[PDB]
């Protein structure tokens, strides 16, 4: 898994075309979204991750929760972004993992938004440009699931 964390003034998106044969079904309310004061997590689920979806999910939750706490962000936004890596996991695995991360972060008490998986989106972001405003992590499973 590759994660790119952008501490932002806002994040907005507009659902445009479908980018997969199997996109996440979406409601009308999900076509557009916007969130202010927000740790935006751009995430590519990698092929390596398919080995243990739960381990990398847990690890992504912990890691992102920590950057949010040291930048004082109460809002986090999970943003599917296949473009952060070259050895990409299969959509279905990626969709699963992005949800566990998302739900994982909600369970921690944060205010979490998400953009729909499987679509091209217009997006706006405004990076704060602090030392801690731009961070990346590579998170891989250390051992296969049971």
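Residue numbers count along the first chain shown, from 1. Superpose the two forms; the largest set of C-alphas matching within 1.5 Å is the rigid core.
After a core fit, the C-alpha atoms in 4 other deposited structures of this protein lie farther on average from the shown form in one of 62-70 and 23-31, namely 23-31. When the two stretches 27-35 and 54-62 are set side by side, the higher mean Cα temperature factor goes to 27-35. Mean CA B-factor, 87-95 versus 117-125: the higher value falls on 87-95. The entry lists a Cα temperature factor for residue 70 that places it in the highest third of the chain's modelled residues.
Among the modelled residues of the chain, residue 6 sits in the lowest third by CA temperature factor in this PDB entry.
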